[PDB]
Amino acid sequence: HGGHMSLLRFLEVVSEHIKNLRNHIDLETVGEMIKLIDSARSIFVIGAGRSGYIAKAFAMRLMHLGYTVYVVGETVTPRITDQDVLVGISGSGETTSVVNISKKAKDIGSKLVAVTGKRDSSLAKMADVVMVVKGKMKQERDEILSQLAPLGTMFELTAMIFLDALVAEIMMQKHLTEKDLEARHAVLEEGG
């Protein structure tokens, strides 16, 4: 009750996972991901469920940075082509809709970045760049972690934080500031 111990324990776990990401992120792979995003004609993003919401948050920021970007399945998304890149977000790398769409994109000839916790997954095996962002750590039991962070919550939070870190890095590389992003952000529903 009043102490809300599970709330606090969850936050401790999040702290440990962000530290883990800091200490283990593959910087070479981050560079390869940035290179594909920069070299593509346009960027398409996809995830299912909560990973879809992360994909949308990332796509919105790429738009703020000045990229030509779309979310798969959304209204104004045009035909994907062999000059584009698809970024698929799936913790397991087995998410059926994301795997099926990514296979179709690969057959068209688009490149694929997989943001996933599983380097050996169906999605990762198809990918040009496999950006590994773990949910569960080596030393953790899944059953214990899932009591605080069910259904892949930890992967989703870590992937969100990673993608916002990637935005920070791209801003630095492109000498973009907050004011640059502000010029592109939507204002009709927020009022600035």
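In case it trips you up, residue 1 is the first one in the sequence shown, and so on.
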| property | result |
| --- | --- |
| Greater mean Cα temperature factor according to the PDB record, 50-58 or 24-32 | 24-32 |
| Average Cα temperature factor in the PDB entry - higher stretch of 71-79, 93-101 | 93-101 |
| Entry-reported Cα temperature factor of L123, expressed as the chain third it lands in | middle |
| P150, C-alpha B-factor rank within chain (lowest, middle or highest third) | lowest |
| Chain-wide C-alpha B factor ranking for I43, given as lowest, middle or highest third | lowest |
| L163 CA temperature factor, ranked by third within the chain | lowest |
| CA B-factor ranking of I144, expressed as a third of its chain | middle |
